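# give me a 3D structure for the following:
(7 chains, ligands or ions: 76)
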Amino acid sequence: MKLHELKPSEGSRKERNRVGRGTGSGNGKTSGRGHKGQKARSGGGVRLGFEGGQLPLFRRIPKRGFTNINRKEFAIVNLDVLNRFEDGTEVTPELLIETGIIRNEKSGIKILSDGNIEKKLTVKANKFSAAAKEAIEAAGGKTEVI
Amino acid sequence: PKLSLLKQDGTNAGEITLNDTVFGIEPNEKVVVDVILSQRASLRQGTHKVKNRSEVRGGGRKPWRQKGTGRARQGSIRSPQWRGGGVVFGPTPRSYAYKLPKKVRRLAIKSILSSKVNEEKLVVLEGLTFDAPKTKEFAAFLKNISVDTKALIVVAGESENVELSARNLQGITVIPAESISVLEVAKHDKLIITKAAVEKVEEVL
Amino acid sequence: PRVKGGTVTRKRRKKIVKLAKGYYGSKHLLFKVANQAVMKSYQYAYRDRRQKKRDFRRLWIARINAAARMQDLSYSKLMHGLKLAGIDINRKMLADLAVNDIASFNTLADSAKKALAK
Amino acid sequence: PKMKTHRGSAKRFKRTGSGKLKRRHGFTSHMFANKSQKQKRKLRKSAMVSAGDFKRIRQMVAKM
RNA sequence: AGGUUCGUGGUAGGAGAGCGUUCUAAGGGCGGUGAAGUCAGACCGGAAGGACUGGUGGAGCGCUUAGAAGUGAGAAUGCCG
RNA sequence: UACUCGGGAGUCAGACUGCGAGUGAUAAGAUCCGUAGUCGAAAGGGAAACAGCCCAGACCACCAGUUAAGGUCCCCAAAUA
RNA sequence: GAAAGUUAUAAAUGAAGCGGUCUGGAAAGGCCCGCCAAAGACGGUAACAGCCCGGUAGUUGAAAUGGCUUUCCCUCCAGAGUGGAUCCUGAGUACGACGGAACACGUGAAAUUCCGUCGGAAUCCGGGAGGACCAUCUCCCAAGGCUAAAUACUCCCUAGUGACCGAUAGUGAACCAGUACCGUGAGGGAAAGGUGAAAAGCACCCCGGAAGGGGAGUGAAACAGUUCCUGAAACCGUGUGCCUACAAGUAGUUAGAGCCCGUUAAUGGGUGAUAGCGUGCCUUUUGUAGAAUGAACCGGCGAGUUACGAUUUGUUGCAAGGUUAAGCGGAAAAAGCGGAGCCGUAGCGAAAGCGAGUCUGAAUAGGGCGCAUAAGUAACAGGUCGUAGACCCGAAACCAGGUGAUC
Ligand SMILES: [Mg+2]
Ligand SMILES: [Mg+2]
Ligand SMILES: [Mg+2]
Ligand SMILES: [Mg+2]
Ligand SMILES: [Mg+2]
Ligand SMILES: [Mg+2]
Ligand SMILES: [Mg+2]
Ligand SMILES: [Mg+2]
Ligand SMILES: [Mg+2]
Ligand SMILES: [Mg+2]
Ligand SMILES: [Mg+2]
Ligand SMILES: [Mg+2]
Ligand SMILES: [Mg+2]
Ligand SMILES: [Mg+2]
Ligand SMILES: [Mg+2]
Ligand SMILES: [Mg+2]
Ligand SMILES: [Mg+2]
Ligand SMILES: [Mg+2]
Ligand SMILES: [Mg+2]
Ligand SMILES: [Mg+2]
Ligand SMILES: [Mg+2]
Ligand SMILES: [Mg+2]
Ligand SMILES: [Mg+2]
Ligand SMILES: [Mg+2]
Ligand SMILES: [Mg+2]
Ligand SMILES: [Mg+2]
Ligand SMILES: [Mg+2]
Ligand SMILES: [Mg+2]
Ligand SMILES: [Mg+2]
Ligand SMILES: [Mg+2]
Ligand SMILES: [Mg+2]
Ligand SMILES: [Mg+2]
Ligand SMILES: [Mg+2]
Ligand SMILES: [Mg+2]
Ligand SMILES: [Mg+2]
Ligand SMILES: [Mg+2]
Ligand SMILES: [Mg+2]
Ligand SMILES: [Mg+2]
Ligand SMILES: [Mg+2]
Ligand SMILES: [Mg+2]
Ligand SMILES: [Mg+2]
Ligand SMILES: [Mg+2]
Ligand SMILES: [Mg+2]
Ligand SMILES: [Mg+2]
Ligand SMILES: [Mg+2]
Ligand SMILES: [Mg+2]
Ligand SMILES: [Mg+2]
Ligand SMILES: [Mg+2]
Ligand SMILES: [Mg+2]
Ligand SMILES: [Mg+2]
Ligand SMILES: [Mg+2]
Ligand SMILES: [Mg+2]
Ligand SMILES: [Mg+2]
Ligand SMILES: [Mg+2]
Ligand SMILES: [Mg+2]
Ligand SMILES: [Mg+2]
Ligand SMILES: [Mg+2]
Ligand SMILES: [Mg+2]
Ligand SMILES: [Mg+2]
Ligand SMILES: [Mg+2]
Ligand SMILES: [Mg+2]
Ligand SMILES: [Mg+2]
Ligand SMILES: [Mg+2]
Ligand SMILES: [Mg+2]
Ligand SMILES: [Mg+2]
Ligand SMILES: [Mg+2]
Ligand SMILES: [Mg+2]
Ligand SMILES: [Mg+2]
Ligand SMILES: [Mg+2]
Ligand SMILES: [Mg+2]
Ligand SMILES: [Mg+2]
Ligand SMILES: [Mg+2]
Ligand SMILES: [Mg+2]
Ligand SMILES: [Mg+2]
Ligand SMILES: [Mg+2]
Ligand SMILES: [Mg+2]
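Numbering: from 1, shown residues only, chains lettered A, B, ... in the order given. Ligands and ions are numbered 1, 2, ... in the order given. The protein structure is shown below:
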């Protein structure tokens, strides 16, 4: 590489900007801070939501709802990712995890009917949408629920 | 891809075939620069420290009355503007090491190890062994094959006394075929690699 | 790594002092005073490059006037004759003839009188 | 240290599918005799945070 | 790389291009036939700045391409001499 | 030139002059509004001097020319028109 | 209580140029020749040394004392199966009421643990918990005790390292430093490095009481002579080229005669009789020459940084995918392994839930949010923000432990 001739990619590195080094640089005396405020002091400014005394926005609109503790969320697979399988095989959740379609199994595998399928497949899963079930039935396949 | 195999005494020994995907790709100069800096930035200890105004010995007492004395208002004899006072920001113990995504650190080794081939600065050798450690015998071997500059001997196995009878020589470094890295290869001009070490480099990538 | 100041502060300050050579008193010795004088001298010199062009043109006019009055004319009524006759000699050259080669100045003034009459 | 979420805002804001924030109208507690029903029908729906407020409160809810 | 048109006052402030300082890596260098430092000159560039020659000094120091910062002072009734 | 989205600010003590009003006494270099200009952030020329009035907007050099407000007996360039 | 091995506490041996020549006070330097290397680490020697010295790599070494590791010696040892009438399994405790505390949990629907005061169980057909509580089910036996390793720290000892400092810096302290000095006391707390390679540290003569000088001598250098390398600026002097005693001066600038010189040689340098124009620098202000503020002068020191997160722009790798964290490995490396996890690929709803749709609604209505109309992710660099003293200096005050009635 000839360490005496290193040249990094153009635009990948810029130069730090240092304020308070004379008036020729445009950031001299006051250093981009203005004149004599609360924001012009060391460690100044107000909180993230503070509005100078007027009631903050979050304190004039109501809270809403609760959080269910038994919440169930399913891993989602569409129909388009189901065209990578040759017709005939039985698609099962333990097969889907290895091929990179499903990283983690949250609470079950659910097939949705986005896109379209063209190969006759037999699938197994935990949930099916109404439109997804008919799509694989109209392809000659069968629907089974584990 | 294709190179001439050389015996230890400096003569010919046939020819060798190097894999194209390892020693024949188009180098990525903009990647090798990044990897060299990252490995060089990760070699510094970063052991440096100064004393603030709360660590210098003394202080506490207010030197003199706030008003009426005629001197400037002061709060401690270890303020930053005083003589023996503390530093304001200064340095502090700090780590500099960082890494780069693995698919990039593997492209750089392919680029630097293939850039040598394009420059005809790689020498493949049949087998490099010495029965007894002898630096006199090693320097003569560097005369059989014209080196006259900094080198980097990469040996895989056997090599009874190669690591010993090259320590005293200055521009020569020996690494046992798994320690090959971007910084070391770029640092040394030539590259002497034995036949048995090419496969081990090849198989890892 | 620490960067102690040295050989850089005095190199810049000494250059300013040498530019204040010949000033009265401390203005040629002390940096703070000499800095203010060097800055002020530049501001003067900048605006006398404008006044220098005005100061000389007033000098040439006063010399053409004095020479023109010797021929029963005045500056205002002479410079009108030249334009009305087509002569485009500027003030700097006209004043040069009035002092050194007054013989030719009269030849120019005669043409000015002819233009005024006709 | 990683910066903390504003728990007060996290209890009454909702993140939509385009990164914007959804809220609730705020005049709906205890004076319903003084409001016409046209004024009460609109107040029970849900609105969106304006660009001026979002420009100020975007960091209070970032990992929400 | 070359043309045409329109422009080039400026505080708070925004954007860009750069000089100089200490240290590190590689290349390539000078120095008891005199290094850094220091003193004087009427030299060079658009600016920060950079050379050359001569005196003193008596042993270290530049240049190129990158990297990192205890990074540049005229003012704080600023601290020390 | 507008408009939309995004990164970064500073400002929220204004002043005088012409015009239209309020308070005041149809006073104030007063106070409070609307409207235009200049200063703030603007050097140059004229009002003797004189931030806000009149003319007019400085990229650098010239011992070149024509004009604006204002002027042409002397100080002081130009009509004792 | 013994035997053996290893280690720590002194050390031994240890290759190769007095090579030639030049400058030089002096060779380790330049040029030309050789040699060693399991030894080209570091330091010294009259300037920069692998081959001059102490040494280095390698190989050896323990009288005595301590440490560790094995063996011997010594010391101490009942565990399996079936039955299972009857007997035992931690009492003023476990719980409860009242008042407090710790639990991320502020008495709240408040489980769990602890303390003070009162009340007060069962005991194998028994007892406790699963965030009030009851029934079922599951798991487990409190109110007795012991226990190595993985974890935190460094007053110390040995070997080392640094894109750490280099005498106002680095510890307060490179020097007889917690010293001198200040205070009744607790307590506060400095300044101060460099002759030369080698003292060879100036026999001797002259002025003087001495100090201090002028020659002589040593030395490469005495303009290195016991604050001694280098020796800037303020400040104080001696000599001299030009100007100055009728003049009203932010001290200059432009025009300019006379006099005097001679350069990094070019429409050059020093001083300037006389003429025009001309009310310092900073801060703060509508507005300052301001009779508003700061500075006696010179020199050194003195203010937007770092760690972890958020967001946005630029660059690079891969791409419906992207990427590892802790850890193993190793040279304070580089690979390899590690997919636990995180972001993205689907949204809507308070929630059950439905899903390219969903929610409100009696509704195939209308409308809100979404797809249609689809690029993310890891790393680095710049701008900004959050938590940290957070840009630098500055209060009057508050609280906690101590020292003071010698005034
Ligand atoms: Mg910049
Ligand atoms: Mg500015
Ligand atoms: Mg300033
Ligand atoms: Mg200020
Ligand atoms: Mg402000
Ligand atoms: Mg303290
Ligand atoms: Mg205190
Ligand atoms: Mg200190
Ligand atoms: Mg240093
Ligand atoms: Mg300084
Ligand atoms: Mg003078
Ligand atoms: Mg949701
Ligand atoms: Mg309600
Ligand atoms: Mg401009
Ligand atoms: Mg900027
Ligand atoms: Mg060098
Ligand atoms: Mg230096
Ligand atoms: Mg010199
Ligand atoms: Mg330079
Ligand atoms: Mg330099
Ligand atoms: Mg600094
Ligand atoms: Mg003083
Ligand atoms: Mg904007
Ligand atoms: Mg307002
Ligand atoms: Mg106002
Ligand atoms: Mg107003
Ligand atoms: Mg008025
Ligand atoms: Mg007024
Ligand atoms: Mg007023
Ligand atoms: Mg304007
Ligand atoms: Mg202003
Ligand atoms: Mg003006
Ligand atoms: Mg004016
Ligand atoms: Mg007047
Ligand atoms: Mg005037
Ligand atoms: Mg202009
Ligand atoms: Mg005219
Ligand atoms: Mg006249
Ligand atoms: Mg020996
Ligand atoms: Mg030896
Ligand atoms: Mg000689
Ligand atoms: Mg020699
Ligand atoms: Mg050495
Ligand atoms: Mg020497
Ligand atoms: Mg030496
Ligand atoms: Mg209980
Ligand atoms: Mg209780
Ligand atoms: Mg039970
Ligand atoms: Mg329960
Ligand atoms: Mg539980
Ligand atoms: Mg127990
Ligand atoms: Mg010190
Ligand atoms: Mg010193
Ligand atoms: Mg005492
Ligand atoms: Mg000495
Ligand atoms: Mg003597
Ligand atoms: Mg005597
Ligand atoms: Mg004597
Ligand atoms: Mg002598
Ligand atoms: Mg001699
Ligand atoms: Mg000398
Ligand atoms: Mg000498
Ligand atoms: Mg010396
Ligand atoms: Mg001295
Ligand atoms: Mg001096
Ligand atoms: Mg006179
Ligand atoms: Mg010369
Ligand atoms: Mg004058
Ligand atoms: Mg005022
Ligand atoms: Mg003040
Ligand atoms: Mg003062
Ligand atoms: Mg000072
Ligand atoms: Mg992977
Ligand atoms: Mg819509
Ligand atoms: Mg900040
Ligand atoms: Mg007492």
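# for the residue in chain A that RNA strand F sits nearest to, give me its contacts.
Closest contact between chain A and RNA strand F, by CB to the nearest atom of the strand, is at residue A:34 (2.6 Å). In this view, the C-beta of every residue, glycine as well, is placed from N, C-alpha and C. Contacts for residue A:34 (CB atoms under 8 Å, 6 or more residues apart in numbering or on different chains) come out as residue A:40.
# for the residue lying closest to residue B:154 once chain neighbours are set aside, give me the backbone phi and psi.
Spatial nearest neighbour of residue B:154, chain neighbours left out: residue B:193 (4.3 Å); criterion: CB to CB, 6 or more residues apart in numbering or on different chains. When quoted as degrees, to the nearest 10, the phi and psi of residue B:193 stand at phi -130, psi 130.
# let me know the distance separating residue B:193 from residue B:2.
To residue B:2, residue B:193 is 15 Å away according to CB to CB, to the nearest Å.
# these two: which has the busier surroundings?
Between residue B:193 and residue B:2, counting by other CB atoms under 10 Å in any protein chain shown, residue B:193 is the more crowded of the two (23 against 10).
# for the more buried one, what are its contacts?
Contacts here follow CB under 8 Å, 6+ apart; on that basis residue B:193 touches B:122-125, B:153-154, B:201.
# am I right that residue A:110 is in a strand?
Yes - when DSSP: H, G, I helix; E, B strand; the rest coil is applied, residue A:110 is found to be in a strand.
# what's stretch A:63-75 in contact with?
If you take CB under 8 Å, 6+ apart as the criterion, stretch A:63-75 is touched by A:102, A:104-110, A:126-127, D:11-12, D:24.
# list the buried residues of that stretch.
Neighbour-count burial for stretch A:63-75 flags A:74-75 (criterion: 16 or more other CB atoms under 10 Å in any protein chain shown).
# check whether that stretch contacts RNA strand G.
Yes - for stretch A:63-75, a contact with RNA strand G is found by CB under 7 Å from any atom of the strand, at A:64-68, A:70-72, A:74.
# columns secondary structure on top of these, output as TSV?
Formatted as TSV, the residues of stretch A:63-75 next to RNA strand G follow (three-state DSSP):
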residue	secondary structure
A:64	coil
A:65	coil
A:66	coil
A:67	coil
A:68	coil
A:70	coil
A:71	coil
A:72	coil
A:74	coil
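# let me have the residues you listed in a markdown table, extended by distance to ligand 5.
Converted to a markdown table, these look like this (distance: CB to the ion, whole Å):
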| residue | distance to ligand 5 |
| --- | --- |
| A:64 | 38 |
| A:65 | 41 |
| A:66 | 44 |
| A:67 | 43 |
| A:68 | 48 |
| A:70 | 53 |
| A:71 | 48 |
| A:72 | 53 |
| A:74 | 53 |
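# ok, those vs RNA strand E, which is closest?
Within the residues of stretch A:63-75 next to RNA strand G, the smallest distance to RNA strand E is 40.4 Å, found for residue A:64 (CB to the nearest atom of the strand).
# look up how far chain A lies from residue B:167.
23 Å (CB to the nearest CB, to the nearest Å).
# phi, psi for residue 25 please.
All of this is about chain A. In terms of degrees, to the nearest 10, the main-chain angles of residue A:25 are phi -90, psi -10.
# to clarify, I was referring to chain D.
Phi and psi for residue D:25, reported as degrees, to the nearest 10, are phi -70, psi 150.
# am I right that it is in contact with residue D:40?
No - shown here, residue D:25 and residue D:40 do not form a contact pair, counting by CB atoms under 8 Å, at 10.0 Å.
# before we move on, back to that, any idea which of the contacts of stretch A:63-75 has the most stuff around it?
Going by other CB under 10 Å, residue A:109 tops these with 25 neighbours.
# quick one: residues contacting residue 23.
Unless you meant another one, I'm taking chain A. residue A:29.
# wait, I meant chain D there
Counting by CB under 8 Å, 6+ apart, residue D:23 touches A:61, D:12-14, D:46-49.
# dig out what it forms beta bridges with.
Going by DSSP bridges, residue D:23 is paired in beta bridges with residue D:47.
# hmm, back to that, who wins on neighbours among the contacts of residue D:23?
residue D:13 (22 neighbours).
# any idea where the helices of the chain begin and end?
Reading this off chain A. Along chain A, the stretches classed as helices by DSSP state H are A:93-98, A:130-137.
# nope, chain C
C:9-18, C:31-68, C:75-85, C:91-100, C:102-117.
# what about the second one and RNA strand E, touching?
Yes - in terms of CB under 7 Å from any atom of the strand, part of helix C:31-68 sits within range of RNA strand E, namely C:31-32, C:35-36, C:39.
# taking helix C:91-100 as reference, get the angle to that helix.
For helix C:31-68 against helix C:91-100, the angle between stretch directions is 60 degrees (axes from the mean of the first three to the mean of the last three CA atoms, to 10 degrees).
# helix C:31-68 and RNA strand G in contact?
Yes - taking CB under 7 Å from any atom of the strand as the criterion, helix C:31-68 and RNA strand G are in contact, through C:31-33, C:36-37, C:39-41, C:44-45, C:48-49, C:51-52, C:55.
# look up how far residue C:37 lies from the most centrally placed residue in chain C.
Nearest to the geometric centre of chain C sits residue C:52, at 2.5 Å (CA atoms, centre = their mean). As judged by CB to CB, residue C:52 and residue C:37 stand 21 Å apart.
# and what of residue B:166?
Distance of residue B:166 to residue C:37, given as CB to CB: 69 Å.
# show me which of these two is the more surrounded one.
For residue B:166 and residue C:37, the more surrounded residue by other CB under 10 Å is residue B:166, and the numbers stand at 20 against 17.
# surely that one forms part of a strand?
No - read with three-state DSSP, residue B:166 is coil and lies in no strand.
# in contact with the residue nearest to it when sequence neighbours are not counted, which residues?
Spatial nearest neighbour of residue B:166, excluding adjacent residues (CB to CB, 6+ apart): residue B:172 at 4.8 Å. Residue B:172 makes contacts with B:138, B:142, B:150-153, B:166, as judged by CB under 8 Å, 6+ apart.
# now residue A:57
Residue A:57 is in contact with A:49, A:51, D:49, D:53, D:57, counting by CB under 8 Å, 6+ apart.
# what two of those are the furthest from one another?
A:51 and D:49 (14.5 Å; CB to CB).
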